[PDB]
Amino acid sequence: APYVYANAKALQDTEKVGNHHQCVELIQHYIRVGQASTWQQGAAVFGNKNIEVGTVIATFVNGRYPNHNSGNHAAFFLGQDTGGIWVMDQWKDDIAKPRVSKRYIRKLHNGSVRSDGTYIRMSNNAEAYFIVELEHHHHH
């Protein structure tokens, strides 16, 4: 929890924002999280008993946001249960996603991280989501 938008729950039904209506641009409109290429993988979201409503979360692979992967995604955490997580997000599809809105991301059967660091159906895989953190001091 280094980024927590306390009003993330209020975003339901708002107009999509940013220059391309992309998932990262929703976060960036309200919070200066920077470019996703700078993010460091934080604690896992699914199962985490400490994550606060509004925490900025994202898909992470091998410690980093996978810009190279069509399944990359970012969102605001809303809550969780035994079957998945509720997030607040957006993306460019004006038909499936006309507004900023909540959706349920499930823990999939055998959906845990694979040896190469990847996840099946990653953006729709609750286990792919980690808290967005800052690079530590031992980076160069």
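Numbering starts at 1 and runs along the sequence shown.
When 59-67 is weighed against 83-91, 59-67 comes out higher, by mean CA B-factor as recorded in the entry.
Just going by the entry, 47-55 versus 24-32 on mean CA temperature factor gives the higher value to 47-55. When the modelled residues of the chain are ordered by C-alpha B-factor, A6 sits in the highest third. In the deposited entry, the Cα temperature factor of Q41 sits in the bottom third of values across the chain's modelled residues. Split the chain's modelled residues into thirds by C-alpha temperature factor. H109 is in the lowest one. Ranked within its chain, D13 lands in the middle third, by CA B factor from the PDB record.
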